[PDB]
Participant: 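Please read through the structure below; I'll follow up with questions.
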Amino acid sequence: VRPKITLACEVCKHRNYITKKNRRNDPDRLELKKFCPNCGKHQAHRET
Amino acid sequence: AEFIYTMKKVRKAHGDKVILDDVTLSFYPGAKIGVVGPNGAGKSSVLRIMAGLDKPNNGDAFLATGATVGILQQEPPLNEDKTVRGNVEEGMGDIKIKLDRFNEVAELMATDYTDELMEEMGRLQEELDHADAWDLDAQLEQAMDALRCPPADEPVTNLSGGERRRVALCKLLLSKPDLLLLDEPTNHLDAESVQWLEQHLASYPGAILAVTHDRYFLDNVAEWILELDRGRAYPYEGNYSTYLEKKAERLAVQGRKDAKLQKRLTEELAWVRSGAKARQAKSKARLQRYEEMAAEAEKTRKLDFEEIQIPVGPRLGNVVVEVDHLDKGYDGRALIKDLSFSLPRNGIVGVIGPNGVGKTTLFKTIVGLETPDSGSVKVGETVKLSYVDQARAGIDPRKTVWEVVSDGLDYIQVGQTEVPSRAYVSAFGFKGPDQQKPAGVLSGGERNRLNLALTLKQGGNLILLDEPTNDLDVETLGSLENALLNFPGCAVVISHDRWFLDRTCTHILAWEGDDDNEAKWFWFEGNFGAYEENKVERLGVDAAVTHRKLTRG
RNA sequence: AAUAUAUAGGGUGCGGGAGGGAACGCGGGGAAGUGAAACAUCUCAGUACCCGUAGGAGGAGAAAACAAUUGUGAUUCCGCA
RNA sequence: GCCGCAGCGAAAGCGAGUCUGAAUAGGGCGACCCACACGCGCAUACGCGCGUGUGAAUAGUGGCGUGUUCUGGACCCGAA
RNA sequence: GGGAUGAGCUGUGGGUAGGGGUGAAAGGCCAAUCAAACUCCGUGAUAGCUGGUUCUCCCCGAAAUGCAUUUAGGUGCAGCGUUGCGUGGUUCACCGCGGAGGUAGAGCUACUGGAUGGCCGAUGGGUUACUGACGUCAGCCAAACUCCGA
RNA sequence: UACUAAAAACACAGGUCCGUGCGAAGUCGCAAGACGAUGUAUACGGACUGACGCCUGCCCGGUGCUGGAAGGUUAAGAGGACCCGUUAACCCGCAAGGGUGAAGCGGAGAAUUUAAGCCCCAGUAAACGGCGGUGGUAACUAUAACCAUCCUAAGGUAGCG
RNA sequence: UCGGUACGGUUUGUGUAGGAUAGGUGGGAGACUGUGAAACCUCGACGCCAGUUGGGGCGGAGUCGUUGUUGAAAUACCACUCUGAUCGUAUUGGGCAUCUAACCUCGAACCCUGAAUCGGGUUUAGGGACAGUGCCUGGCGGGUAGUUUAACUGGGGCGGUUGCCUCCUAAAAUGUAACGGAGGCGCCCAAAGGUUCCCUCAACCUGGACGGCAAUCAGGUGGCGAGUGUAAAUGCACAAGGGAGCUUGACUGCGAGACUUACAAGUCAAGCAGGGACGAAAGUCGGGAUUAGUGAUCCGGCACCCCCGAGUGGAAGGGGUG
RNA sequence: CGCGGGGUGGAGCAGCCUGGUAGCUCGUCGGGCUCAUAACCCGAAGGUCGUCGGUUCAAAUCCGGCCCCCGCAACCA
RNA sequence: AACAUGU
Ligand SMILES: Nc1ncnc2c1ncn2[C@@H]1O[C@H](COP(=O)(O)OP(=O)(O)O)[C@@H](O)[C@H]1O
Ligand SMILES: Nc1ncnc2c1ncn2[C@@H]1O[C@H](COP(=O)(O)OP(=O)(O)O)[C@@H](O)[C@H]1O
Ligand code: VO4
Ligand code: VO4
Ligand SMILES: [Mg+2]
Ligand SMILES: [Mg+2]
Ligand SMILES: [Mg+2]
Ligand SMILES: [Mg+2]
Ligand SMILES: [Mg+2]
Ligand SMILES: [Mg+2]
Ligand SMILES: [Mg+2]
Ligand SMILES: [Mg+2]
Ligand SMILES: [Mg+2]
Ligand SMILES: [Mg+2]
Ligand SMILES: [Mg+2]
Ligand SMILES: [Mg+2]
Ligand SMILES: [Mg+2]
Ligand SMILES: [Mg+2]
Ligand SMILES: [Mg+2]
Ligand SMILES: [Mg+2]
Ligand SMILES: [Mg+2]
Ligand SMILES: [Mg+2]
Ligand SMILES: [Mg+2]
Ligand SMILES: [Mg+2]
Ligand SMILES: [Mg+2]
Ligand SMILES: [Mg+2]
Ligand SMILES: [Mg+2]
Ligand SMILES: [Mg+2]
Ligand SMILES: [Mg+2]
Ligand SMILES: [Mg+2]
Ligand SMILES: [Mg+2]
Ligand SMILES: [Mg+2]
Ligand SMILES: [Mg+2]
Ligand SMILES: [Mg+2]
Ligand SMILES: [Mg+2]
Ligand SMILES: [Mg+2]
Ligand SMILES: [Mg+2]
Ligand SMILES: [Mg+2]
Ligand SMILES: [Mg+2]
Ligand SMILES: [Mg+2]
Ligand SMILES: [Mg+2]
Ligand SMILES: [Mg+2]
Ligand SMILES: [Mg+2]
Ligand SMILES: [Mg+2]
Ligand SMILES: [Mg+2]
Ligand SMILES: [Mg+2]
Ligand SMILES: [Mg+2]
Ligand SMILES: [Mg+2]
Ligand SMILES: [Mg+2]
Ligand SMILES: [Mg+2]
Ligand SMILES: [Mg+2]
Ligand SMILES: [Mg+2]
Ligand SMILES: [Mg+2]
Ligand SMILES: [Mg+2]
Ligand SMILES: [Mg+2]
Ligand SMILES: [Mg+2]
Ligand SMILES: [Mg+2]
Ligand SMILES: [Mg+2]
Ligand SMILES: [Mg+2]
Ligand SMILES: [Mg+2]
Ligand SMILES: [Mg+2]
Ligand SMILES: [Mg+2]
Ligand SMILES: [Zn+2]
């Protein structure tokens with residue numbers, strides 16, 4: 001019901017962060033602006 | 001032994017609802033596979049892996065090299081351009097820009113450097129003889145005469161539900177992908193567009209999948225049934241009369257096997273409550289087998305179905321709907337011309353006609369969303385009107401299936417009574433935490449069930465059914481037609497399903513236009529079986545074609 | 001010989017084998033107690049025991065070897081690593 | 001041959017430094033006598049860095065005793 | 001005391017062997033030993049268990065608690081003992097000062113509950129001598145009550 | 001039960017079931033070979049019952065045993081698409097690197113094809129086993145021949161207490 | 001006999017004008033000696049997209065090309081072969097049937113054999129590529145073998161309990177046992193997080209269409225009795241309670257110093273740099289008022305970094321960081 | 001005393017695991033059929049889901065506290 | 001094939 005999703009970047013596709021969401025309140029893939037250490041700046045992050 | 005598509009241990013699941021689990025099958029070219037199953041079985045989730053739109057969780061699923069994949073979605077989208085521009089974005093999409101550059105290099109190269117652009121038009125003019133793409137003006141004019149498309153100069157925002165599906169089939173039958181993925185193709189198509197597509201998919205190079213609920217289209221375009229039960233896939237052969245045999249047999253040998261397990265729990269639960277005697281021990285190796293039998297007896301508890309239930313309305317008078325000399329159109333084309341009828345009390349009326357002929361416009365003058373040209377529509381003081389719609393315009397995607405029926409409210413009105421809202425939607429199959437799915441993730445078979453929950457809560461004694469037999473399977477198609485026969489008011493049905501108007505009808509209103517009038521209708525007093533015998537005695541005795549190839553190859 | 005070519009077999013004449021020995025050698029079969037604070041993989045251990053067969057010793061031994069850009073040059077055994 | 005004589009790092013490797021890190025940021029681990037006048041761009045005074053020493057205190061390794069310890073029956077006696 | 005011409009008794013010679021034999025069946029019997037004989041060997045089997053461990057004297061001197069444990073009569077580490085080298089009053093006792101508390105007691109019209117007798121009477125019960133909510137005047141109670149407080 | 005139990009315990013003649021078509025089934029042995037038996041279904045081995053008399057009811061759901069093969073599931077062998085490692089050759093090139101890559105040899109190997117078994121389909125209780133609750137009802141009380149209902153594969157018959 | 005593959009014959013394709021529309025490509029101006037308008041034959045392959053693509057009977061009288069155009073393209077004839085059909089040969093598998101020669105016979109006779117119910121050999125009567133046996137492989141398997149089957153406990157068994165979080169017992173720091181007294185947990189939230197601004201609750205009383213003890217309104221009174229996603233305690237009206245705007249700090253690289261502690265763990269943290277959110281700024285932000293919502297090591301899985309690469313270049317494998 | 005099952009209209013039972021709509025057969029009540037009664041046919045009434053108090057928008061159901069009924073263990077000396 | 005009874 002609350003699986004562990006992982007957040008891949010949108011430029012480099014590195015998998016920088018891991019967190020949990022609710023599957024039934026949020027059926028789509030989450031999008032957050034998170035810091036990417038490869039790019040050195042805040043990028044966008046969908047899930048996988 | 002050369003293949004098209006292979007699945008290796010694919011397991012896609014939306015948590016508790018598994019769709020595949022440890023499946024493996026291979027698709028070879030020339031195969032004609034029709035995929036069946038109940039509503040919500042997972043049939044469109046398989047084709048969204050086979051088209052590369054979704055990814056399986058833990059498995060391998062890949063197309064072979066070459067032989068690209070074109071999918072017909074269950075709700076096919078279009079663009080905001082014309083019809084002739086609606087067929088070039090696919091089928092001609094990778095090849096018209098190679099002609100959009102050749103008519104550019106005829107003039108831009110003549111004033112620039114003529115040495116490096118010699119091969120820039122060289123590697124593109126040799127891409128116009130292997131495909132014969134010079135006739136792109138007149139290949140589109142052949143593919144529209146086959147499907148009987150609308151005229152290709154008007155926009156596509158105001159089209160029929162079965163005219164948008166004709167221009168979406170032309171986007172795929174021109175591409176000719178070697179793996180077709182048709183998701184419910186016979187929705188909204190008349191008895192001509194289905195009979196055409198049976199002959200076109202008969203002699204077709206490549207693999208064809210088609211998730212078709214209907215009993216007669218799959219007997220013509222398929223010879224190898226694929227099935228989806230709760231997770232598994234059962235490939236075999238037959239012509240869909242053997243699918244209802246095997247699903248009836250797979251539940252009679254699973255149903256009584258799960259009854260022998262229930263008697264062995266009662267014989268064993270009596271042992272674990274019987275108390276240890278003198279200094280003997282109750283064995284741990286029987287407690288640990290009871291709690292494995294008691295765990296494998298709760299995982300089999302998915303056996304339920306909800307019937308279609310229409311609320312009854314107030315008393316219906318002697319005058320239901322009267323139509324006197326109705327004329328209706330939008331342009332120089334006239335749809336309805338000089339129509340006179342009156343809806344009976346306590347009957348089922350069927351509206352019959354091909355696509356784009358004026359059937360949804362006939363309801364939208366009755367419900368008060370249009371305006372007649374000449375003649376009037378007259379209702380009466382008793383009638384409360386209930387109207388389901390073809391377009392499903394009431395349901396919005398980014399809102400859950402509960403709080404579209406309700407609006408965050410607990411108790412709703414379904415016509416002079418107050419039933420609870422979650423008790424109302426669970427009477428429409430949406431049970432438990434399936435009540436929090438939004439409308440974008442619901443299947444097509446349960447947006448034809450959610451639309452019946454939005455609009456039948458008006459509780460009226462006149463229901464207008466605008467294609468209700470659209471995405472429903474055989475179990476709930478019979479549950480709908482058994483809810484119209486027991487309905488006390490009057491029900492009006494638009495449908496293309498020949499074996500659905502034959503079963504539940506009392507009156508027929510059918511289009512009978514010909515070449516000199518093109519806009520006349522006909523009111524008949526009787527069932528559908530007596531209409532087809534009268535149709536072949538009034539107009540054209542034994543007269544009421546050859547397959548247009550859509551291409552020169 | 002049966003039965004024909006012949007063989008199995010039988011007659012005669014010279015050699016050889018057999019069994020014992022305390023340890024050591026080679027080849028083959030192969031435990032459990034035990035240790036694992038229980039136990040089955042694992043250990044104990046290829047130990048105890050058994051079988052075949054020697055010799056004054058036995059086995060191995062004359063590269064279808066190692067090594068790493070140079071090179072060592074049959075085997076066994078002792079010391080290191 | 002063994003122990004000592006340089007450490008740090010997963011390693012490549014660098015080496016009184018090194019690993020991490022974008023960092024001449026901070027930590028980890030390692031190295032480094034100001035008891036000493038003097039000389040130095042020291043100074044209200046102690047110091048900072050480097051010479052001159054007043055010639056500061058490091059140090060390991062091999063044997064033989066002892067106390068524990070490891071592998072062997074391992075302090076001795078005793079099963080079913 | 002039972003059988004005593006029988007499924008009898010007995011002599012001489014022989015056959016069956018150890019997870020095997022034999023059994024008119026008792027786990028009976030297989031050399032006074034049998035829910036798996038005896039002897040040699042592995043072998044000085046192992047035992048968180050009981051027993052034992054030998055000459056003297058001088059200095060100091062415990063513990064039976066914590067935590068973990070297929071652990072609870074066992075054991076690892078800490079606590080407490082001795083001794084070697086460092087550190088040198090840092091330990092401890094008293095006096096003065098700087099500080100946190102909510103026990104004892106007490107209080108409750110300061111809260112949450114319990115509860116005694118008056119008074120006023122919403123309601124409930126048949127127009128009312130029965131019920132007496134909430135309020136108020138007095139007297140009280142509390143390990144999981146506290147405006148307080150050694 | 002030598003050595004605390006001689007009995008109601010074992011045996012028994014009679015009974016029924018099941019196995020066995022003949023170097024049989026069964027047993028002793030790795031095997032050869034032997035017993036069975038110098039026998040041949042009125043014979044031999046197993047299981048239960050235990051002279052005789054009258055009798056031996058109902059239940060095939062469970063677990064066995066016997067038969068069956070339409071369907072599902074299922075091993076090694078056969079098969080070897082597809083993807084991967086190597087590099088002849090080739091391209092952009094700083095020719096310090098990258099990219100596409102034939103054949104051969106490899107690594108990992110899918111579809112397909114395939115028996116018994118198990119699921120499945122029946123039979124069998126002198127096969128191992130199993131043979132019900134609750135409430136009302138008659139000329140005084142009492143008891144129910146009778147009835148209602150729920151459940152089961154079947155609801156304990158003759159006899160006895 | 002039923003299939004697979006390789007090879008070859010015959011045959012198949014018809015939206016719209018048309019020679020029912022060579023199917024594709026390439027060659028091509030000839031090809032046969034001409035009546036599906038024929039005589040025995042005469043679509044009874046398919047027969048539908050119907051008449052051209054056969055029942056190959058014969059005839060040197062009797063069709064068709066190129067031109068004409070009528071089209072994306074043509075017209076005969078033919079090698080070239082895609083989709084489907086059928087025929088033939090070759091080479092390979094699977095069924096079934098027959099054979100005999102391997103193998104089998106405790107059926108019979110004869111010899112070695114003087115004495116032989118053993119054994120061996122010869123011959124005959126049968127069985128037969130099966131059976132048996134080797135190797136690989138599924139099944140079945142208390143027939144047999146090795147073992148396991150926890151502890152606490154007012155004896156043991158039976159019943160209950162085992163880790164985490166809050167209170168009381170607990171004797172006014174911390175800690176403290178019992179099968180002592182009460183309760184919670186194995187989550188939830190994409191806002192219920194971050195920030196900036198703004199507001200005060202419950203209960204009671206008076207007036208009001210439906211409307212009642214209590215829905216929404218209006219006014220008095222009300223300093224915490226409401227509220228806190230969830231148990232209890234400690235907190236919170238300065239709000240940590242209610243509402244709104246923009247948002248992702250539910251960050252990457254760290255960490256002076258502490259708490260707690262046998263050890264393993266647990267917990268708090270000023271501040272420094274990167275790149276951000278909100279704010280006019282000051283500043284605040286490394287999830288949630290706080291304390292539960294979890295599992296050491298080993299063995300593995302995946303993503304990325306390109307550290308090692310068993311002669312060398314790679315690779316297989318290993319290593320780091322999440 | 002301890003385990004663990006039960007209470008639903010006059011009688012018998014579902015519904016309970018998986019929360020929203022109280023059902024089934026008989027009986028009672030009114031009307032038919034018949035000379036009359038049973039049988040049968042038609043229409044109806046009847047529930048505080050043992051009791052109260054929490055979770056929830058909502059409880060017969062989920063969770064605790066009580067009041068009755070039924071079954072089962074109580075062994076080794 | 002409906003199909004019992006009348007102290
Ligand atoms: N994105 C999603 N997230 C969660 N649940 C989904 C999603 N998509 C589908 N489902 C669930 O899984 C089921 C599968 O839908 P599906 O059966 O593939 O549609 P169709 O009936 O058209 O094949 C649906 O009934 C739906 O309830
Ligand atoms: N708003 C409009 N304006 C113009 N034409 C319309 C509009 N709506 C529908 N039409 C035309 O009316 C024709 C008939 O539609 P109709 O048959 O009523 O739809 P349905 O098939 O759903 O009944 C369609 O061809 C469509 O082009
Ligand atoms: O185009 V329609 O199927 O709604 O007639
Ligand atoms: O593919 V459906 O089961 O939604 O008609
Ligand atoms: Mg949301
Ligand atoms: Mg669908
Ligand atoms: Mg329509
Ligand atoms: Mg000898
Ligand atoms: Mg052992
Ligand atoms: Mg051990
Ligand atoms: Mg031990
Ligand atoms: Mg010699
Ligand atoms: Mg030698
Ligand atoms: Mg090192
Ligand atoms: Mg440093
Ligand atoms: Mg006597
Ligand atoms: Mg006597
Ligand atoms: Mg006598
Ligand atoms: Mg003897
Ligand atoms: Mg004896
Ligand atoms: Mg033994
Ligand atoms: Mg030993
Ligand atoms: Mg000992
Ligand atoms: Mg002393
Ligand atoms: Mg100690
Ligand atoms: Mg003081
Ligand atoms: Mg004080
Ligand atoms: Mg306190
Ligand atoms: Mg007190
Ligand atoms: Mg009080
Ligand atoms: Mg009082
Ligand atoms: Mg107190
Ligand atoms: Mg005796
Ligand atoms: Mg035999
Ligand atoms: Mg017999
Ligand atoms: Mg028997
Ligand atoms: Mg007996
Ligand atoms: Mg007998
Ligand atoms: Mg049966
Ligand atoms: Mg029977
Ligand atoms: Mg009984
Ligand atoms: Mg009786
Ligand atoms: Mg055993
Ligand atoms: Mg052992
Ligand atoms: Mg114990
Ligand atoms: Mg006790
Ligand atoms: Mg304290
Ligand atoms: Mg104290
Ligand atoms: Mg916020
Ligand atoms: Mg707030
Ligand atoms: Mg997180
Ligand atoms: Mg730190
Ligand atoms: Mg900053
Ligand atoms: Mg700003
Ligand atoms: Mg901070
Ligand atoms: Mg919390
Ligand atoms: Mg381990
Ligand atoms: Mg190498
Ligand atoms: Mg690698
Ligand atoms: Mg790091
Ligand atoms: Mg009546
Ligand atoms: Mg006793
Ligand atoms: Zn990035």
Side-chain angles (χ1 to χ4, degrees), chain A residues 1-2 5-9 12-22 25-26 28 30-45 48, chain B residues 1-4 6-9 24-30 58 60 62-65 132-139 141-143 145-146 196 199 203-205 234 236 245-246 249-250 253-254 256-257 259-260 263-264 267 269-270 272-285 294 297-298 301-302 304 309 408-411 417 419-427 431-432 545-553:
Chain A
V1 58
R2 311 294 301 271
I5 59 172
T6 183
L7 296 174
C9 179
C12 60
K13 275 78 175 177
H14 287 177
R15 299 181 182 182
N16 297 319
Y17 298 99
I18 188 166
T19 185
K20 288 183 179 178
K21 74 176 180 69
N22 196 350
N25 294 329
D26 294 325
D28 55 352
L30 290 176
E31 290 90 3
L32 283 77
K33 299 288 184 184
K34 302 297 286 292
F35 180 76
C36 182
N38 192 14
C39 298
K41 67 192 290 292
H42 278 80
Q43 296 294 326
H45 286 85
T48 62
Chain B
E2 195 269 334
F3 72 100
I4 300 296
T6 50
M7 295 174 73
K8 291 182 174 66
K9 277 79 175 175
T24 296
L25 75 162
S26 297
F27 300 100
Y28 296 105
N58 46 1
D60 289 331
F62 59 93
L63 182 66
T65 178
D132 198 358
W134 295 98
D135 199 72
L136 192 145
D137 196 3
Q139 285 179 355
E141 295 291 327
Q142 182 180 0
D145 289 331
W196 182 82
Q199 297 296 109
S203 65
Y204 182 79
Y234 290 149
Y236 55 91
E245 292 291 327
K246 291 180 71 174
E249 185 68 28
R250 280 178 286 157
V253 302
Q254 184 62 255
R256 65 181 181 269
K257 184 183 288 184
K260 309 294 282 294
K263 293 185 289 294
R264 291 178 66 189
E267 294 179 353
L269 177 57
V272 301
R273 301 180 299 181
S274 67
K277 292 182 76 69
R279 291 189 295 178
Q280 300 289 317
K282 293 178 73 67
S283 174
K284 292 191 288 186
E298 60 91 20
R301 189 182 57 80
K302 294 183 290 294
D304 200 0
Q309 185 176 1
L409 277 66
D410 288 339
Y411 295 164
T417 56
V419 296
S421 63
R422 294 186 184 273
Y424 184 67
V425 296
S426 66
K431 292 187 286 183
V545 298
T546 63
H547 182 267
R548 294 186 295 271
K549 296 294 187 291
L550 183 143
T551 185
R552 66 179 66 92

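Throughout, protein chains are lettered first and strands after them, A, B, ... in sequence-line order, and every chain is numbered starting at 1. The figures that follow rest on heavy atoms only: side chains count, while hydrogens, waters and symmetry mates do not.
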Participant: With the criterion being N/O to N/O and under 3.5 Å, what pairs connect the protein with nucleotides 127-129 of chain F, and how long is each?
Facilitator:
none

Participant: Does F:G62 have OP1 or OP2 under 4.0 Å away from a side-chain N or O of B:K260?
Facilitator: yes
Participant: For every nucleotide of nucleotides 69-77 of chain H, 5' to 3': is a protein heavy atom under 4.0 Å from its base (B), only from its sugar-phosphate (S), or from neither (-)?
Facilitator: ---SSSBS-
Participant: So which protein N/O to nucleotides 148-155 of chain G N/O distances come out below 3.5 Å?
Facilitator:
| unit_1 | atom_1 | unit_2 | atom_2 | d |
| --- | --- | --- | --- | --- |
| G:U149 | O2' | B:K284 | NZ | 3.4 |

Participant: Using a cut-off of 3.5 Å for both contacts, decide if F:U134 and F:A148 are a Watson-Crick or G-U pair.
Facilitator: yes
Participant: Does a Watson-Crick or G-U wobble pair link C:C26 to C:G52, with each of the two distances under 3.5 Å?
Facilitator: yes
Participant: For D:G65 and D:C48, do both pairing distances fall under 3.5 Å in a Watson-Crick or G-U wobble arrangement?
Facilitator: no
Participant: Can you list the residues that meet the side chain to side chain contact (heavy atoms under 4.5 Å, CB included) rule with B:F3, with sequence neighbours excluded?
Facilitator: B:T6, B:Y28, B:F62, B:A64
Participant: Examine the six-membered rings in the bases of H:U34 and H:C35 and report whether their centres are under 5.5 angstrom apart and their planes under 30 degrees.
Facilitator: no
Participant: Suppose we screen for side-chain hydrogen bond (donor to acceptor under 3.5 Å, both in side chains). Which residues come up paired with B:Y234, at least two apart in sequence or across chains?
Facilitator: B:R232
Participant: Here, do the bases of G:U100 and G:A101 lie with ring centres under 5.5 Å and ring planes under 30 degrees of each other?
Facilitator: no
Participant: The criterion is side chain to side chain contact (heavy atoms under 4.5 Å, CB included); which residues satisfy it with A:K33, sequence neighbours excluded?
Facilitator: A:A44
Participant: Is a donor on one side and an acceptor on the other found under 3.5 Å between the side chain of A:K21 and the backbone of A:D26?
Facilitator: yes
Participant: So, OP1 or OP2 of G:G322: does either fall under 4.0 Å of a side-chain N or O from A:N16?
Facilitator: no
Participant: Flag the pair A:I5 / A:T19 as yes when at least one side-chain heavy-atom distance between them is below 4.5 Å, and no otherwise.
Facilitator: yes
Participant: Would you confirm whether the neighbouring bases E:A45 and E:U46 count as stacked, given the thresholds of 5.5 angstrom between ring centres and 30 degrees between planes?
Facilitator: yes
Participant: Between G:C251, F:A153, H:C17, spot the one nearest the side chain of B:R301, thanks.
Facilitator: H:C17
Participant: What do you reckon, do E:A47 and E:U128 form a Watson-Crick or wobble pair with both distances under 3.5 Å?
Facilitator: no
Participant: Can we call E:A142 and E:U112 a base pair, counting Watson-Crick and G-U wobble only and needing both distances under 3.5 Å?
Facilitator: yes
Participant: Restricting to side chain to side chain contact (heavy atoms under 4.5 Å, CB included), what partner residues turn up for B:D60, sequence neighbours left out?
Facilitator: B:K8
Participant: Given Watson-Crick or G-U wobble geometry and both distances below 3.5 Å as the test, should G:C164 and G:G227 count as paired?
Facilitator: no
Participant: Determine the interplanar angle of the A:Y17 and A:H45 rings, folded into 0 to 90°, and report it as parallel if under 30°, tilted if 30 to 60°, perpendicular if over 60°.
Facilitator: perpendicular
Participant: For B:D137, check salt bridge (charged side-chain N to carboxylate O under 4.0 Å, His left out) against everything at least two apart and list the hits.
Facilitator: none
Participant: Name all residues meeting the side chain to side chain contact (heavy atoms under 4.5 Å, CB included) criterion together with B:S203; count only those two or more places apart in sequence or in a different chain, and write none if there are none.
Facilitator: none
Participant: Under 4.0 Å between a side-chain N or O of A:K34 and OP1 or OP2 of G:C251?
Facilitator: yes
Participant: For the base of G:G275, is there a side-chain donor-acceptor partner from A:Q43 under 3.5 Å away?
Facilitator: no
Participant: Going by Watson-Crick or G-U wobble geometry, both distances under 3.5 Å, is D:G78 a partner of E:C49?
Facilitator: yes
Participant: I'd like to check B:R552 versus B:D135 (side-chain heavy atoms, cut-off strictly below 4.5 Å). Are they in contact?
Facilitator: yes
Participant: Could you please name the option among G:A190, G:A72, F:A153 that lies closest to any side-chain atom of A:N25?
Facilitator: G:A190
Participant: Both distances under 3.5 Å, Watson-Crick or G-U wobble: does H:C70 pair with H:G9?
Facilitator: no
Participant: B:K257 has a side chain; which of H:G20, G:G159, F:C120 sits nearest to it?
Facilitator: F:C120
Participant: What is the base-pairing partner of F:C90, counting Watson-Crick and G-U wobble geometry with both distances under 3.5 Å?
Facilitator: F:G99
Participant: Does any non-hydrogen side-chain atom of B:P420 lie less than 4.5 Å from one of B:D410?
Facilitator: no
Participant: For A:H14, give me all partners under ring-ring contact (aromatic ring centres under 6.0 Å, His included), at least two apart in sequence or on another chain.
Facilitator: none
Participant: Using a cutoff of under 3.5 Å, can you pull out all pairs of nitrogen or oxygen atoms linking the protein to nucleotides 210-212 of chain G, with atom names and distances?
Facilitator:
none

Participant: List every contact pair, protein side and nucleotides 15-17 of chain G side both N or O, where the distance is under 3.5 Å.
Facilitator:
| unit_1 | atom_1 | unit_2 | atom_2 | d |
| --- | --- | --- | --- | --- |
| G:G15 | OP2 | B:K549 | NZ | 3.2 |
| G:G15 | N7 | B:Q142 | NE2 | 3.3 |
| G:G15 | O6 | B:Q142 | OE1 | 3.4 |
| G:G15 | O6 | B:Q142 | NE2 | 3.3 |

Participant: Just to confirm, do E:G73 and E:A72, adjacent in the strand, meet the stacking rule in which the six-membered ring centres are under 5.5 angstrom apart and the planes are under 30°?
Facilitator: no
Participant: Counting only Watson-Crick and G-U wobble pairs, both distances under 3.5 Å, are G:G271 and G:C254 paired?
Facilitator: yes
Participant: Does A:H42 have a side-chain nitrogen or oxygen under 4.0 Å from the phosphate oxygens OP1 or OP2 of G:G249?
Facilitator: yes
Participant: Can you tell me the Watson-Crick or wobble partner of C:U47, both distances under 3.5 angstrom?
Facilitator: none
Participant: Under 4.0 Å, heavy atoms only, any strand: does B:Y234 hit a base, just the sugar-phosphate, or nothing?
Facilitator: nothing
Participant: Would D:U69 and E:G117 qualify as a Watson-Crick or G-U pair, given that each of the two distances needs to be less than 3.5 Å?
Facilitator: no
Participant: Taking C1'-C2'-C3'-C4' as the guide, is E:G18 a north (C3'-endo side) or a south (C2'-endo side) sugar?
Facilitator: south
Participant: Answer yes or no: side-chain N or O of B:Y236 and base N or O of F:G71 forming a donor-acceptor pair under 3.5 Å.
Facilitator: no
Participant: Does the sign of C1'-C2'-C3'-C4' make the E:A62 sugar north or south?
Facilitator: north
